[PDB]
Amino acid sequence: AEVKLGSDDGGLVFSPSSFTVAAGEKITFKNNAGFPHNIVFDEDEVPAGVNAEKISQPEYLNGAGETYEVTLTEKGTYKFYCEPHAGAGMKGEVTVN
Ligand SMILES: [Cu+2]
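Okay, here's the thing in structure tokens:
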């Protein structure tokens, strides 16, 4: 699954926003336009076993085209989002199976 941070004409959103995946798939985030972006996991809706400090990204990023990877493996749901662009409504969610 590939996600693009930022719209293709003027909009800050996680595109796609929410989507399910198989417990063994790779999730690569990609900067499409609107950097710098940020990704963190709310330790309030994350399973009580998958630490959110390892899948989060406390390190901002301002590289055009830069990308990151994440591979969850616990059938459930994880809520992530952007702290800087949280004023617009930039959020993220993944339902693993
Ligand atoms: Cu952002």
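UniProt numbering applies: residue 1 is where the sequence shown begins, and numbers increase by one. Idealized CB from N, CA, C, for every residue including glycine.
Less than 7 Å between the C-beta atoms of residue i and residue j, yes or no?
i           : j     : result
residue 100 : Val40 : As shown, the chain starts at 1 and ends at 97. That puts residue 100 outside it, with no answer to give.
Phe14       : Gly87 : no
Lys75       : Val96 : yes
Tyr68       : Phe35 : no
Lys26       : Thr77 : no
residue 102 : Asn31 : Here the chain covers residues 1 to 97 and nothing more, so residue 102 does not appear.
Taking the straight line between their C-alpha atoms, what separation do you get for residue i and residue j?
i     : j     : result
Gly6  : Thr20 : 20 Å
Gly49 : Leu12 : 31 Å
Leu61 : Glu43 : 22 Å
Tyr81 : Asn38 : 8 Å
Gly24 : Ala64 : 28 Å
Problem - Chain-ordered residues, beta carbon under 7 Å from a heavy atom of ligand 1 - result: Taking each Cβ in turn, the ones that pass are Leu5, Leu12, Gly34, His37, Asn38, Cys82, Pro84, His85 and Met90.
Handout entry: 3 or more residues per run - each beta strand (DSSP E) lying fully within the UniProt domain "Plastocyanin-like" (1 to 97)
Key = Entirely contained in the UniProt domain "Plastocyanin-like" (1 to 97), the beta strand (DSSP E) runs reaching 3 residues are, in chain order, 2 to 5, 18 to 21, 27 to 31, 37 to 41, 57 to 61, 67 to 70, 76 to 81 and 91 to 96.
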